[PDB]
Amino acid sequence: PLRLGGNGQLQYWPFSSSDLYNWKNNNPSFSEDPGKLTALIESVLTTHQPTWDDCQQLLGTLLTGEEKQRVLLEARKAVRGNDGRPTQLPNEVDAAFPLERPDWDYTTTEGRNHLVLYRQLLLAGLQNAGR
């Protein structure tokens, strides 16, 4: 998670495991009730302001391996180009929703915006994967 510390600089702290496992146990799977976990992951995408890595923990914990692969397939299928329009160009798809840890520096506008896009794209991945 990211938040402001008592100096107005963003500050990282990892998820506590308690929260992640609570979230798991107190909800049905993704397949039995996909909009339950989606509602939750979605709220958390804002409240906890998670990084790329934070998202991998969220996803890895709350989803089965192939629940997760669908989610990413779909997040990636939803990428848009500069032009506002869909793109499936491999390099733009990877730049918006990379599968391997990117180098987004969360203290710059570029990294923060990349993160904003990432979560939006993840969310759309969960929504599409569900329906």
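For every residue, the number given is its place in the sequence shown, counted from 1.
Task: Average Cα temperature factor in the PDB entry - higher stretch of 89 to 97, 27 to 35 - done: Between 27 to 35 and 89 to 97, it is 27 to 35.
- [ ] State which stretch shows the higher mean Cα B factor in the entry: 70 to 78 or 41 to 49.
- [x] Higher mean C-alpha B-factor in the PDB entry: 70 to 78.
TODO: Just grab whichever of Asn22, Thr107, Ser16, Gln120 has the top CA B-factor as deposited.
DONE: Answer for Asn22, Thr107, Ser16, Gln120: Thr107, with the highest C-alpha B-factor.
Open item on the list: Ranking the modelled residues of this chain by C-alpha B-factor as given in the entry, is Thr64 in the lowest, middle or highest third?
Closed with: According to the entry, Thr64 has a C-alpha B-factor in the chain's highest third.
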